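As structure tokens, the structure follows; a few thoughts come after it.
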Ligand code: SF4
Ligand code: SF4
Ligand code: FES
Ligand code: FES
Ligand SMILES: [Fe+3]
Ligand SMILES: [Fe+3]
């Protein structure tokens, strides 16, 4: 019963093929892991020193406390903090790499890169306080890249990619609680110090540190989006397709997979130059397709079709038609390197700090980006040739996807209804009930949850209740692969009020039809775009974020990055659902802080709920409580 | 049988008292934890994402691989890397705090702090390339503090507290392998990124990253020593005492405990100002005593007696005479906060990122250091008053300790035998066999090992074989508490050749007697002093460190900091014993890299050996192999 594993029919088809071919998948490796350790599941395990491992029984008799005296409270809080720091390290490492890419570009060191979005560059410079009048664009961009790098360490200002992106009233609440990061890598290191043995051992103190480090993660996300938009262009609405049926047996199929699109944006453009070289090898052309967030990035900017997402990533290879899988970093199952030998896929790593035994490595360098891309595409072409005459099994399953809803694009779309107060039509429709509130779906799939089931179950209920739904990362992937980004499905999925608004906006944008049921706001760092939108609404209304009818749902969360995002969503003031258990239930006091008393600090709070129908009800109640707090009917 | 728990008779006496009083200790919490998890012991557990916890059976059947595909190799290497990063975060967080203290001092912002060692300041400035001629000391010190802070992030130079402290030939070997850190907090964050799910998945690549992050840890250690010496003075030989008998029933007993002595150095001086206030409360005075490395710091600089060390720290409180325990951060068992209620000790935290539930917090600030110290000592005095009339049980057990052997002091002592080539007498005696080689004992005690048993067993065998033994941290604590820093024990402990050299040096220093059997080089960051000595010998000889007959032994290792130190000892070229199992044995390939093939990268290697007699033999063989490589008899 492949339906217990994934709700995606293309994935189910490939699961049957993998089974008959004897290829182990993530779902088989999960089954082999059961029953999983209950100490780890509940957070009641510590390996922070060589006196361990230590554990605490959730209930019963000894052990009741760690060897050094660490309580369940401390152990749970320390483990959570390290997960936040690791997520911050990934989003901010991505951003740091792009800051170096921009600096190289404008110093003349890598002419394949350039300022593509001059408007974004100037706006970011203005937001940071960097002078633009009289200045060359290359100098403004050097100052922006220098400011980005400076936010990684202590200096005479706090992290500007926090303080300049949230409203002053929110910054004031956070500063009063000591939560504004001093430097991104500074906070990561401070977490690792304070959570090491014999240091911080007070749950409230530890968790305040975690909230602060989650804002370091937010800064990394926002910095990453900003810099990628400068370098590669700010997304605007685009139409494409998703799911495995976007692979083409007669083409060279090249997946771009990971998070940082610094090379894969170049691969997109070079692949078109090599169409005749591909034709000489017997292919129709080079068919670049996306996996995970590198896929989101090229989908949002170029309409490159999305093949698949996190938990089901191996299934692209099982088709037999995936000639190359070009990897950067984050969320890549290392199984891909062994599956590649079974499927004939060439798996290629490109980042120095993310290699996989058995995968060919290309030493990507911005200065050589075009030549690296051609070397990689030539390996893919050679791989296509080797599968001449071999049948493939591409499920003939795909959806239509309208995407590219950056915050700038959303504002522009709304401006067609109110040119000089673009947010007002959205607010008007929240007030009159046509839009009940806003829900951001974010984060990953998780093998513990039948793939996409929580995202689609929750989304369906919210849409019928007139919630405006936006999505990023694998949440966007889940929704796109089930038709939620096809405007043809508005009548079926949306309540009458939401349908009326999506139709009014779409008709004013010349579409003869509505916006899609769900707005794709991009990759995981692009959760920062949702922050920009919500902060803009807060500023337009003169209220803080914790008064707005806006929630988030990491409905199938997996990565440390998703824990970090959920933690800053709480910290900026949002009710934040998580649909998998984080390792917290072994401490009632920590659980109570994260789900209840943090409301008194930041206004936000976690909603931990594994049943998706129940989670939908709790998210609706959170939205409605915010409506009532504003004096609105609900 | 308290002898199974600690070889320290004072500790055994307090273990009997704790047992009859019903006070749980670290040894009782260890017993309650048995049997410990074998997945964690071997390294074959991963909790890096919410699909976990994952584990791998060391032997047998499934599970054989993590859910995402991570092999045993990857899981073990990732866990080790995070431990190195956490150790780097602690030593370097200490150093960063002292850099801010120095900056405050010379900016006029905290007049309790000052440049005490102007010679050290000028030498550090010269080593870094900072101009001194014509410059005010306060300006030279601002530039030194700015350079210290700059080494935490990327810039146009690598980490100077690596590249300027090792010989050029060693820097060249490390650079050729990509091992020179770009920035301290940069590397910490990169480790956390690369070890997060779906990133680096090649054991060799992961472990190269770990070696590089271990050099970030070395930079933090060296920076910490440098800055503490500027601010507080470079140690010189001093005579004091150790063990619980240094507590005095008729005095206010105040322990300073942690690692960063920024406040506790001030407490030492203020305590003497308050002698009449203590007398008015019925005490003879204020008796400051050391625990762990804050204790090492004040012992090395001021001869403050050391009460106890890591694993036995609770036993100071069990005496009933410990009126206050003043905490900074690292290596503090959080049990102290609950034991304090049973024993009448006031436990006081002082650092913002290291609090303990149930302990009073004082918001220490450099600008208020004297007033904070008086507030703290007044709480201690009030606590002493509350124990008027209550019997105490201080074991009447102490040793004589000669300490204060900074590298500068060792060079000065040797200079009495050769004024203008001070290292030559040491080298001469290595060549003629009076000194077989050098062994650094470093790192902690660990509840799994009867306290001090490995340190003293190994040291005894090495000393009889004419090894010059130096020690830091809890290694120094172990050795001092068993008489190894009392020159009266040279005849008993030392081989004839070593005795002859220790006597010759001592007699030339006017002592009428030898140097002590073991030279105390200070706190854990002061392992950097041993690097300075070994690098100076390498430079004098014109060879790299991996040719020298010098080894290290973390004989009872515990903290992530000790894993980091052991890892940079290997990276700089030393055979490095560890006497507890780190979580590596679940991967033979990783074990083989760390104990064998790393020799081909850096020249150093781990020696994992839990039996101390066997470890002594293996350390001797390592020393002797180095002698033979130099053409020397052995
Ligand atoms: S830090 Fe404490 S709880 Fe954690 S492993 Fe070490 S002794 Fe156990
Ligand atoms: S990172 Fe891989 S091995 Fe680790 S918990 Fe997640 S699925 Fe398991
Ligand atoms: S005891 Fe299983 S996660 Fe540690
Ligand atoms: S299974 Fe015990 S340490 Fe994770
Ligand atoms: Fe993503
Ligand atoms: Fe120490």
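Residue numbers (full-length UniProt numbering), protein chains in the order written: chain A, 3 to 636; chain B, 3 to 636.
The beta carbon of each residue, even a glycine, is placed where N, CA and C say it ideally should be.
- Neighbours of residue 104 of chain A in chain B, taken as residues whose beta carbon is under 7 angstroms from its own, are absent, since the nearest beta carbon is some 14 angstroms off.
- With respect to chain A, the C-beta atom of residue 146 of chain B has no partner C-beta closer than 8 angstroms.
- Taking non-hydrogen atoms of ligand 4 into account, the C-beta of residue 591 of chain A is found less than 7 angstroms away from none of them.
- With the criterion set as a beta carbon lying under 7 angstroms from some beta carbon of chain A, the members of the segment 50-65 of chain B are 50, 51, 52, 53, 54, 55, 56, 57, 64, 65, in sequence order.
- Annotation note: the segment 419-501 of chain A contains the following uninterrupted alpha helix (DSSP H) runs of length 4 or greater, listed N- to C-terminal: 425-433, 455-466, 475-483, 492-495.
- The Cβ atoms of residue 436 of chain A and residue 503 of chain A lie closer than 8 angstroms to each other.
- Within the segment 308-359 of chain B, the runs of beta strand (DSSP E) that reach at least 3 residues and sit entirely inside it are, in chain order, 308-310, 324-329, 348-351.
- When the beta-carbon positions are compared, residue 524 of chain A and residue 517 of chain A stay at least 8 angstroms from each other.
- Between the segment 319-337 of chain B and the segment 255-273 of chain B, the count of C-beta pairs closer than 8 angstroms reaches three or more; the two stretches touch.
- Between residue 552 of chain B and residue 536 of chain B, the C-beta gap is smaller than 8 angstroms, which places the two residues in contact.
- Chain order gives the chain A residues near residue 357 of chain B as 202, 203, 204, 207, where near means a beta carbon separation below 8 angstroms.
- Residue state for residue 159 of chain B is assigned as coil, using DSSP reduced to three classes.
- Shown here for residue 343 of chain A: not one same chain residue has a beta carbon closer than 7 angstroms to its own, the five before and five after excluded.
- Of the other Cβ atoms in all chains shown, 16 or more fall within 10 Å of the Cβ of residue 443 of chain B; this residue is therefore buried.
- Pairwise C-beta distances place the segment 219-231 of chain B out of contact with the segment 108-126 of chain A, as fewer than three of them are shorter than 8 angstroms.
- Under the Cβ distance rule, residue 78 of chain A does not count among the residues neighbouring chain B, no pair being separated by less than 8 angstroms.
- For residue 573 of chain A, the three-state secondary structure derived from DSSP is helix.
- At a cut-off of 8 angstroms, the C-beta of residue 214 of chain B has no neighbouring C-beta in chain A.
- Counting only residues of its own chain and dropping the five nearest sequence neighbours on each side, residue 316 of chain B has a CB closer than 7 angstroms to the CB of 27, 28, 335, 337, 338, 341.
- Under a 10 Å Cβ-count criterion, residue 422 of chain A is classified as exposed, with fewer than 16 other Cβ atoms of the shown protein chains found around its own Cβ.
- The three-state reading of DSSP puts residue 58 of chain A in coil, since its state is none of H, G, I, E or B.
- Closest by C-alpha distance to residue 69 of chain B, out of A:30, A:100, A:61, is A:30.
- Nearest CB-CB separation between residue 448 of chain A and chain B: below the 8 angstroms threshold.
- One Cα belongs to residue 461 of chain A, the other to residue 520 of chain A, and the distance between them is close to 9 angstroms.
- In this structure, B:512 is the residue among B:625, B:512, B:71, B:124 with its C-alpha nearest to the C-alpha of residue 417 of chain B.
- Against residue 429 of chain B, chain A offers no close residue; the least beta-carbon distance is about 36 angstroms (beta-carbon pairs closer than 8 angstroms).
- Under the DSSP definition of a beta bridge, residue 274 of chain B lacks any partner.
- Taking 4 residues as the shortest admissible run, the segment 10-90 of chain B contains the following complete alpha helix (DSSP H) segments, listed from N- to C-terminal end: 11-22, 28-35, 40-44.
- Per DSSP, residue 179 of chain A is not a residue of any alpha helix (DSSP H), being assigned neither H nor E.
- Closest in alpha carbon position to residue 617 of chain A, among A:572, A:410, A:588, A:557, is A:557.
- Taken through DSSP and simplified to helix, strand or coil, residue 605 of chain A comes out as coil.
- The Cβ atoms of residue 355 of chain A and residue 196 of chain B lie closer than 8 angstroms to each other.
- Looking at A:572, A:16, A:6, A:4, the one whose alpha-carbon comes closest to that of residue 394 of chain A is A:16.
- In this structure, the C-beta of residue 70 of chain B approaches ligand 2 to less than 7 angstroms from one of its heavy atoms.
- One residue list follows from the rule of a beta carbon closer than 7 angstroms to any heavy atom of ligand 4, given in chain order as A:39, A:41, A:42, A:47, A:49, A:55, A:57, B:39, B:41, B:42, B:47, B:49, B:55, B:57.
- The C-beta separation of residue 320 of chain A from residue 126 of chain A comes to about 42 angstroms, leaving the pair out of contact by the 8 angstroms criterion.
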